[PDB]
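Colleague: What shape does this take:
(2 chains)
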Amino acid sequence: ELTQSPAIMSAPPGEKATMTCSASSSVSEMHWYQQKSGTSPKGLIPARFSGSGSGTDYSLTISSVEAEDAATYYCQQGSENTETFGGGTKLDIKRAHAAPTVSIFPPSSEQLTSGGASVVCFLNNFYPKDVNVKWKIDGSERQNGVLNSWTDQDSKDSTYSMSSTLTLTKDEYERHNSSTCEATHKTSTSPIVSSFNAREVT
Amino acid sequence: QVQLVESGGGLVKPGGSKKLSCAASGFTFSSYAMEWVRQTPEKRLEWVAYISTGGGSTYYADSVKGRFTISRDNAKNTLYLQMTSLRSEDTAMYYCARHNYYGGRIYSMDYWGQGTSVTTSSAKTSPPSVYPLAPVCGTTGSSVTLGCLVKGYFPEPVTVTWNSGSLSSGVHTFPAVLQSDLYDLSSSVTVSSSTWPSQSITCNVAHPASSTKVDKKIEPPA
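Modeller: Residues are numbered from 1 along each chain as shown, chains lettered A, B, ... in the order given. The structure is reproduced below:
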């Protein structure tokens, strides 16, 4: 088995970062790959990257780390390689805490004239990943009927984002008028809130 | 430049066959040993198959023994992968890679393709419903944010761009979320307040399986 030292690791820009790959068999060399957000893996081992390892234990070194290096890293083996890959390390980057930009959207005419009705609430560019969101409607905290999806570290911004989508039918959208999207975060104890009211059409 | 292009992927049902291909160019294909590497939705890179410089020796992984069959075509500069008894866990993003550094250290997967989606399920191929997300007001901010809801489609992937890719910075296309044999995705775009609604914005959706190239313009609801 080929095992990584950290499953996930964090380090701020400028500071050093090190991760090791340990096999269950001795080899003369070791490889490293970097897969970023949407792209495929790139063969790796700029002047930031370098390799250091003695016998079995190898490790990748990154001095002067930058926003670009926010990626998932995989190790594969050198001499004796049935070409298996390692467990993989997710390297995120430390950053000052950013308040999320909240934006709520009513369901379009196209969707309303097909039975359904989805209410989206974007929360873009924040830190850290942690973010609680309780959908409300007429002051009642909704629990189910919600499908969230988070982005991973931005390659240059180094900030996470999220899109929560409350999904209901056109009929169940009439019972309640005032739709609300609340959001909790480290930056402000007072939560970020954006809301809109139907029966008030534009 | 060197280039690798995977092809022939899509949807398959469990216990079915699907043949992939990797178009090679920019190098003497016959002087290199190719690799197939697949990646899960969980994103665990897993080597599946290998073939030598000219088909002299081939290896496989425990997962894909017997069922998978790697082959190549050096005349046409074309790698292949045949799949036989596909399972749900074979659903992955199938990458194609070279295997050659040759000197100081030894061999390595130096060049990779752009992947190709292979999905294993007995569910229906459904096209996407593109709904425009305009905000409920025309109030003044520093910048205004809009969106595009790619509702109820199957399978992955779906390609979302803004104004034919001209609008890129300040865009957030989120990961899809599968629920009841149906994926849902929703991209967002931030623009300066003076631009919209005075200037047009359009999300460009494309779902390969259904061949549905859609372009829905974002307008305010007055």
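Colleague: count of neighbours near residue 13?
Modeller: Since you didn't name a chain, this refers to chain A. The tally of other residues near residue A:13 (other CB atoms under 10 Å in any protein chain shown) stands at 15. Placement of C-beta: from N, CA and C, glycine included.
Colleague: The intended chain is chain B.
Modeller: 12.
Colleague: do you know how far the spatially closest residue to it that is not a sequence neighbour is from residue B:86?
Modeller: The shortest distance from residue B:13 to any non-neighbouring residue, by CB to CB, 6 or more residues apart in numbering or on different chains, is to residue B:122 (4.5 Å). Distance of residue B:122 to residue B:86, computed by CB to CB, to the nearest Å: 11 Å.
Colleague: any shared contact partners between those two?
Modeller: Among the neighbours of residue B:122, those also in contact with residue B:86 (CB atoms under 8 Å, 6 or more residues apart in numbering or on different chains) are B:13, B:14.
Colleague: With neighbour numbers in mind, choose between these two.
Modeller: It is residue B:86, of residue B:122 and residue B:86, that has more neighbours when counted by other CB under 10 Å, with 21 against 12.
Colleague: Then residue A:173 would be within a helix, right?
Modeller: Yes. The assignment for residue A:173, made by DSSP: H, G, I helix; E, B strand; the rest coil, places it in a helix.
Colleague: The residue nearest to it when sequence neighbours are not counted - how many residues pack around it?
Modeller: Leaving aside its chain neighbours, residue A:173 sits nearest to residue A:117 (4.5 Å; criterion: CB to CB, 6+ apart). Using other CB under 10 Å, residue A:117 has 22 neighbouring residues.
Colleague: Give me the neighbour count for residue B:113.
Modeller: Using other CB under 10 Å, residue B:113 has 22 neighbouring residues.
Colleague: okay but it is in contact with residue A:41, surely?
Modeller: No. Counting by CB atoms under 8 Å, residue B:113 does not reach residue A:41; the two are 10.5 Å apart.
Colleague: Compute the distance between residue B:53 and chain A, please.
Modeller: Distance, residue B:53 to chain A, using CB to the nearest CB, to the nearest Å: 15 Å.
Colleague: Confirm that residue sits in a strand?
Modeller: No. Counting by three-state DSSP, residue B:53 is not found in a strand; it is coil.
Colleague: Residue B:79 versus that one, what's the distance?
Modeller: Distance check for residue B:53 against residue B:79: by CB to CB, it reads 12 Å.
Colleague: cool, and residue A:8?
Modeller: Remark: distance between residue A:8 and residue B:79 (CB to CB) = 34 Å.
Colleague: ok, the two, which is more surrounded?
Modeller: Neighbours were tallied for residue A:8 and for residue B:79 using other CB under 10 Å; the higher tally belongs to residue B:79 (28 against 11).
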